[PDB]
Each structure stands twice: as structure tokens, then as C-alpha cells.
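Structural description and commentary
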Amino acid sequence: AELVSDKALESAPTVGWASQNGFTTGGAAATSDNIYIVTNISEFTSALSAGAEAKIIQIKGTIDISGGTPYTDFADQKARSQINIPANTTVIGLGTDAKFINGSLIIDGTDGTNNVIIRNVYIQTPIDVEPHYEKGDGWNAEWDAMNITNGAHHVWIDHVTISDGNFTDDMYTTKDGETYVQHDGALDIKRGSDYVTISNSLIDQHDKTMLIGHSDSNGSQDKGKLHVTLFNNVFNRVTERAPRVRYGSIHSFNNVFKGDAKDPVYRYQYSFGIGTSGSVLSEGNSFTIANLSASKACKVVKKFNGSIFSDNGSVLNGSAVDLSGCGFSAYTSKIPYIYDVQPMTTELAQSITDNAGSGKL
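For this entry, the PDB record names X-ray crystallography as the structure determination method and reports a resolution of 1.60 Å.

Rendered as C-alpha cells:
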């Protein structure tokens, strides 16, 4: 088919881990027969059957992963809603309304998947029709909006929006006296995945958001992996884990975090979660957290079992913040790529906010 997006052929920028030890070009080398315009789930799966062949899949409008058929139970949702994105694929949204609902985009490296670009699309977090119960933890949801797993590498997520959308957590019902949690994580990066760049994106209205490194006992696979760069993104109304990391090495700069410690639905807990053997280099970020005083500035970064965290030039509610006394050891690893941390001002924060997410490419 014809290429509608004049930015569809672009590869990841020189900045970011997705451009280290190889380039992330997605399906830029696709032949005309492998350039698609999909308008529904059937056409989407058809396009994806090209497998590891270079392909460009242009998304028009809303793609209902359920195909208009509600999931009857866990098994049904598991069998139909987890859409795998193969190697050398560029999924790019057309216009301002390219969207996915009722499902998860899975970048699974088991088959060797690598070199994937997901861009300019909105993904509404899926609703688990059959949460599982765990004594002492309550109800738990299984499905995320996007998952990068099993060694998948060289992935560029750009101008993507992930949000609970039309079903927010205040709408949860109660079952057996406990909140019937139907939302899982937003974006997961785990099991040896590596070389990822997340740019100009928006995560809006969600609880358990971005977990990088899913288990403390999975070091054999995650040690020295999970390098992720995040810049010019907006994390709005997100409860926790803007980036909670285990084993991975995170570079987060010029991102905008907006929340409220007293939000009625997505109460701000913290932004950076420093887990087992995890490391975060935070630079020139903007934290605007209502009901969070300067004296409690360390709340933006929470220690779990990790200890590596450094911040350079970030701000809290408009003023420079010092987080050097929050109890962490400095991030000493070198950043291999050249990058430019712009001084964070309210003007820059607004610019980033105005350009973040799908429909803004």
C-alpha cells in the first residue's frame, strides 16, 4: 500500500539506548507489498503475519483487539488479546486518532524479535475480565498495554499514549469485600530485554505503571541488560513506577511528571523506584506534584532494594531540587551516546507537555 505518514521511514534518534550496539530502524526497509494500512484487528494480524520481514503497518482509527467480541474468561482473553509484534516492524499511527483498545501489544523476543518501532498510537489499558485472587494481596489483573519481554531488543517507542482512558480506577467494582482490580501494568520491560528508547510519549491516568525488571530473583537473565532511555515524555496522574527498576540502567532526562499527592484516583506515591541492582540517572526532569512540599522532595524517588540514583538539575514545583541527601549512591556508569539536557524551565515543561503522546507527531 502507499505510505501516508511522511515520518514513517524515520529510525530512532542518535540519543538513546535503542541506538546503541545496533540501530532501531523498524520496518523502514519494507517493500511496497509490506506497507499496510490497517483499520481493524483482522487486517492488523494479517499484516503482522509477514513475520520478520521488514514491514510498515499504518494504523487508521481505532483497532479493537477483541474484534467486537467481549472476552468470556481469562483463557479467552489470553488467547485473543495478546498481539505479538515481530522483528523489523514499524507500527505507526496515522493522524490524531490511531488507537488500540481491549488488548496488549507484545514484543516477545522468544522468536528473536528485535528492531521494533511503535509510534504515534494511543493504547487504552486493557480490562482483565477475570482477575485472579492472591491471599494477602487481593485481586490482581494480568494484562498490560505493552510488554517487551524474553530478550527483545532495539525497540523505539515514540509519541505513544498509554492511558486507562474511559475506564479509570475509581470505576472499579468490589468483589468479596475487596477492590476488583482489573488493570495491570501500563508498560513492562523484562526478562533480558535491552536497548530501548522511549521518547515524546504520554502515560496518563494509571496506577502500576512502568516496571522494568519483574523479579529480584531473575538476575541470571536481567543482569547487565534492560538499558532504557526516556526523554521528553509526560507522566500524568500516574500513581507509581513512572520507572521502577530492577537490574536495568535507566537514563531519564527532560521528562515532565505531573501529579497530586492527594489525587482522588491516582494518588502520587513516587516516580523513580530503585529496585534490586537497578540504577537511575535523572537529569533536568520536571516534577510538579500538588500537596508535596519542598521539605518532602525525596518522595519522588523511592528505595526498595536498590541503591543507585543520581539527579542533575531537576525541579520540583518550579524550583531546583536537591536529592543528594535522599540516601542513594551515585550513578557512575557512562552514557555512551551524546545527548543534550535542556535546562528545565516552565516554558520547556509546557513545550514537552504540548508535544507528548500520540497525535502530536
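Moving on to the nonpolar core. For soluble globular proteins, nonpolar side chains are generally found buried alongside one another. Core analysis: the biggest nonpolar cluster contains 62 residues, and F44, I59, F100 and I118 have the highest contact counts within it. Each residue touching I118, except ones within four places of it in the same chain, is listed here: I85, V91, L105, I107, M146, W156, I157, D158 and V160.

Here we take up the UniProt feature "active site" in the protein chain. UniProt marks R241 with the feature "active site", using the numbering shown here. Relative to the helices and strands, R241 resides in the loop between strand 22 (234–240) and strand 23 (244–245). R241 gets classed as buried once you look at its relative accessible area, which sits at 16%. Ignoring any residue separated from it by four or fewer positions in sequence, one finds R241 in contact with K208, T209, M210, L211, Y270 and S271.

Right, let's get into helix 4 (residues 346–355). What helix 4 keeps buried is the set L348, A349 and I352. The buried side chains of helix 4 occupy one side of the element, clustering within an arc of 100 degrees when seen end-on. The exposed set on the far side of helix 4, more than 90 degrees from its buried face, consists of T346 and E347. The secondary structure elements touched by the buried residues of helix 4 are strand 22, strand 25 (256–260) and strand 28 (286–290). Count one or two residues on from helix 4 and you reach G357, which has phi positive near 95 degrees.

Moving on, we come to the packing of aromatic side chains. The geometry of an aromatic ring pair comes down to the distance between the two centres and the angle between the two planes. Evaluation of the coordinates by the stated rule reveals 17 aromatic pairs. Plain terms: the ring middles of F309 and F328 are 5.6 Å apart, the flat faces sit at 65 degrees to each other, and that makes the pair edge-to-face. Of the two residues, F309 is situated in strand 30 (residues 308–312) and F328 in the loop between strand 32 (319–320) and helix 4; the sequence distance between them amounts to 19 residues. Exposure class is identical for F309 and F328. Each is buried. Members of the aromatic cluster, joined through ring pairs, are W17, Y195, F231, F253, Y337 and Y339. Of note, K175 hangs over the ring of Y180, and the distance from its end group to the ring centre comes to 4.9 Å. Here the guanidinium or amino end of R244 rests over the ring plane of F304, the centre of that ring lying 3.7 Å away.

Considering the arrangement of structural elements, one finds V321 in the loop between strand 32 and helix 4. Given a relative accessible area of 17%, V321 falls into the buried group. In this structure the C-alpha to C-alpha distance between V321 and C298, which are 23 residues apart in sequence, comes to 9.1 Å. Non-local contacts of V321, meaning those with residues more than four positions away in its chain, are made with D311, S314, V315 and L316.

Quick notes on the rules
Residues numbered from 1 in each chain as written, not as in the entry; some residues may be left out. Heavy atoms only, no water. Residues with missing side-chain atoms left out of burial classes, pairs and counts. Core = buried A, V, L, I, M, F, W, Y, C linked by side-chain atoms within 4.5 Å. Buried < 20%, exposed > 50% of the residue type's maximum accessible area, 1.4 Å probe, protein only. Contact = heavy atoms within 4.5 Å. UniProt positions renumbered as here; feature names shortened; annotations may be inferred. Helix = DSSP H or I, 4+ residues; strand = E, 2+ residues; numbered from the N terminus. Arc of directions from axis to C-beta. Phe/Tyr/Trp six-rings, centres within 6.5 Å; stacked < 30°, edge-to-face > 60°. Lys NZ or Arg CZ within 6 Å of the ring centre and 35° of its normal.

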